[PDB]
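Results of the structural survey
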Amino acid sequence: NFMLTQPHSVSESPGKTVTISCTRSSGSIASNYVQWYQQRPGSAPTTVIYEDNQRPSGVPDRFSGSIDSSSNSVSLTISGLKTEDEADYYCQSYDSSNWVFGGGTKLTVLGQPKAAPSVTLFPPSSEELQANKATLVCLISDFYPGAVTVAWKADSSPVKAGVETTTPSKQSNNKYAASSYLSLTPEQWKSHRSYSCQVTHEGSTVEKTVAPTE
Amino acid sequence: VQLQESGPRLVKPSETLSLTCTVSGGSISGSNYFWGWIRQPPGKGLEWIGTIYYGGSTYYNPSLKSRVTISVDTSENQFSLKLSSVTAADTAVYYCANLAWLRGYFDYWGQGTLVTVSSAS
Amino acid sequence: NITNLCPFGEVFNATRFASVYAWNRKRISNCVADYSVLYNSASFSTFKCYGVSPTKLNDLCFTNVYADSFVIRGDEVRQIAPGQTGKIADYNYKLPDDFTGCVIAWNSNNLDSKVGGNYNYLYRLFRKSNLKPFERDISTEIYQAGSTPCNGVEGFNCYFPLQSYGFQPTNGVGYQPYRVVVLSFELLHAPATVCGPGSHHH
Ligand SMILES: *[C@@H]1O[C@H](CO)[C@@H](O[C@@H]2O[C@H](CO)[C@@H](O)[C@H](O)[C@H]2NC(C)=O)[C@H](O)[C@H]1NC(C)=O
């Protein structure tokens with residue numbers, strides 16, 4: 001019959017202290033316990049704080065939870081911020097009939113080391129050429145921020161028709177990665193000298209080139 | 001070493017869905033835990049579906065009480081989940097988690113399973 | 001050497017609850033306490049154990065366990081907690097800052113509220129000083145709020161200390177009766193007799 005409200009996003013430097021509030025929309029927040037969950041990119045959530053202040057054995061003591069009586073909300077405090085803590089956090093409570101989670105909070109650690117991405121270009125296999133298709137795969141990974149613009153060419157000229165690309169998401173290394181493709185036929189794959197996959201990240205560009213035989 | 005979800009991922013829209021959560025290493029007949037279901041759309045927040053205590057007392061989400069029923073059988077030591085009249089919004093990764101004695105924090109989670117509602121044969 | 005179950009039902013299922021100012025305390029010892037009957041029921045609107053593990057209660061032996069029972073209105077339930085202010089915490093029922101136990105409360109509008117108003121339930125509104133924790137006062141002497149002495153409730157600065165509730169079924173939820181039960185866990189250099197099912201002395 002109630003809800004729990006969490007901030008849109010928070011951000012702080014490594015080793016610092018951040019706070020996330022869990023506001024209740026109906027009723028007293030002190031009626032029952034409120035919990036917190038840490039969900040890393042892709043994997044399952046995990047309890048960090050329960051009973052509004054309690055940590056299970058195995059959770060670092062850097063996490064802590066307190067109460068704000070006036071604002072009808074509890075708060076999760078994370079001292080000594082580390083880049084491994086960069087994940088999503090939810091708060092959960094029970095009010096006499098229902099278990100209700102919060103909206104969520106996107107925690108971002110400032111400073112994760114920014115750098116240029118890494119590019120890899122593959123030559124299409126011969127079995128695909130015998131399958132009425134041809135694909136040049138371009139893998140991008142290990143870059144922050146997760147913003148990147150891609151470009152393709154053919155014999156030094158812009159040819160980008162039939163291109164598939166997925167927006168960057170976070171990988172298992174707390175970093176970002178993506179992948180770009182290029183759709184061709186067997187005849188038009190070998191008819192051109194070579195193709196290119198240009199990758200631009202914060203103005204820095206890096207390209208790769210593959211040939212039919214070389 | 002306890003929980004893991006089932007494998008009927010694909011579900012046709014306007015039809016029903018069924019998932020099972022097997023519990024290894026521990027008797028569900030030893031009713032000292034609640035057993036809940038949690039789902040989340042791709043890149044969205046968690047939503048509670050329902051819990052079940054082996055004593056028979058069931059709790060369902062009010063937005064889903066018309067379509068959701070949760071059962072459990074000790075013959076195979078697992079608890080199921082029925083989501084009838086599925087819609088496009090039900091595309092989510094369904095986690096099954098263990099809840100401790102008190103109605104507090106979920107102790108043992110699974111790893112979820114993504115169900116999708118679309119039409120391709 | 002101990003098999004009888006603790007009579008938690010004699011407190012929660014009691015026909016009537018004593019007034020909040022004259023809160024009724026019951027001592028419990030020499031029994032096996034199944035707390036799972038309490039911390040798993042969904043009928044309780046407020047269940048918060050302060051100072052103890054609420055799930056690991058069935059593993060602990062205690063010297064004595066005290067159960068206090070009374071009724072207040074909904075917006076005063078927040079005062080039954082360590083470190084609180086208000087007419088109930090300051091003057092009626094005060095928990096210490098290191099309270100070791102559980103606070104249980106549930107709505108009782110269909111029990112304690114009679115048609116037209118239940119004035120059987122009372123609570124203290126004026127007192128000389130704040131109550132020390134776990135102090136039970138019953139003195140109904142005229143409270144003197146001014147420099148002029150009092151003999152009889154007439155005249156200003158002279159009020160009757162106890163105030164009665166107006167519990168009706170039509171009242172708002174914030175002003176509806178809420179039966180409250182507080183469990184106090186005490187451990188001393190004495191035989192621990194209030195154990196859970198899976199305890200250590202067994
Ligand atoms: C108070 O009364 C209720 C109602 O009779 C008791 O709940 C019963 O408990 C027994 C034993 O667990 C069950 O067999 C009944 O089915 C229950 N009845 C209902 C309506 O739930 C309860 O045990 C009593 N004591 C307390 C402390 O609540």
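Structure determination for this PDB entry was carried out by X-ray crystallography, with a resolution of 3.7900 Å recorded in the header.

Chain C carries the name Spike protein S1 in the PDB entry, which gives Severe acute respiratory syndrome coronavirus 2 as its organism. Each PDB entry has a title, and for this one the record gives "Crystal structure of SARS-CoV-2 receptor binding domain in complex with neutralizing human antibody WRAIR-2151".

As recorded by the PDB entry, chain B carries the name WRAIR-2151 antibody Fab heavy chain and is attributed to Homo sapiens.

Left-over empty space is what a probe sized like a water molecule reveals as it rolls over the atoms. Empty space within the second largest pocket amounts to approximately 700 Å³. Lining the second largest pocket are 29 residues, with A:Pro41, A:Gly42, A:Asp88, A:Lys106 and B:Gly43 sitting closest to its centre. At the level of secondary structure, the elements contributing two or more residues to the lining of the second largest pocket comprise β8 (88–94), β10 (105–109) and β15 (165–170) of chain A together with β10 (92–99) of chain B. Sorting elements by how many residues they give to the lining of the second largest pocket places β10(A) first, with four residues. A breakdown of the residues in the lining of the second largest pocket according to their chemical character gives eleven nonpolar, twelve polar and six charged.

Each partner contributes residues to the interface: chain C has nine residues there, and chain A has nine residues. Of the roughly 740 Å² buried between chain C and chain A on both sides combined, carbon and sulfur atoms contribute 39%. Inspection of the chain C/chain A interface yields one salt bridge. For A:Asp52, the salt bridge goes to C:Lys48, with nearest N and O atoms at 3.9 Å.

Right, let's talk about the domain arrangement of chain C for a bit. All names here are of chain C. Each assigned domain of chain C is listed with its residue range as follows: domain 1 (1–115 + 169–202) and domain 2 (116–168). Inter-centroid distance (C-alpha atoms) of domain 1 to domain 2 is 25 Å. At the junction of the two partners, domain 1 supplies 35 residues and domain 2 supplies 26 residues. Between domain 1 and domain 2 the total buried area reaches about 2400 Å² when both faces are included, carbon and sulfur atoms providing 57% of it. Taken together, domain 1 and domain 2 are joined by zero salt bridges. Of all the elements in the fold, those that place two or more residues in the side of domain 1 that touches domain 2 are β5 (64–73), α2 (87–92), α3 (109–112) and β11 (177–186).

How each quantity is defined
- Summary of conventions: residues on each chain are numbered from 1 in written sequence order, possibly unlike the entry numbering, and any residue without coordinates is omitted from what is shown.
- For naming, the first written chain is A and the first written ligand is 1, with later ones following in the order written.
- Only hydrogens and water are set aside when side-chain values are computed; all heavy atoms of the structure are taken into account.
- Residues with missing side-chain atoms are left out of burial classes, side-chain pairs and their counts.
- We place a 1 Å grid over just the protein atoms. Points where a 1.4 Å probe fits but has no way out form a cavity, open points with protein on both sides within 12 Å along at least 5 of 7 lines form a pocket, and any residue with an atom within 4 Å of a point lines it.
- Grid points are joined across faces, edges and corners, and a volume is the space filled by probe spheres set on the points.
- Counting from the N terminus, the helices are the DSSP runs of H or I reaching at least four residues and the strands are the DSSP runs of E reaching at least two.
- Throughout, the ten residues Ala, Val, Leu, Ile, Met, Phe, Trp, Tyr, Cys and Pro are labelled nonpolar, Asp, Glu, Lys and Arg are labelled charged, and all others, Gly among them, are labelled polar.
- Note on contacts: a residue pair is in contact if any heavy atoms of the two residues lie within 4.5 Å.
- Here the quantity called buried area is the total loss of accessible area, with a 1.4 Å probe, experienced by two parts when brought into contact, counted for both.
- Any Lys or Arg side-chain nitrogen found within 4 Å of a carboxyl oxygen on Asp or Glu counts as a salt bridge.
- Delimitation of the domains relies on an automatic or database domain assignment.

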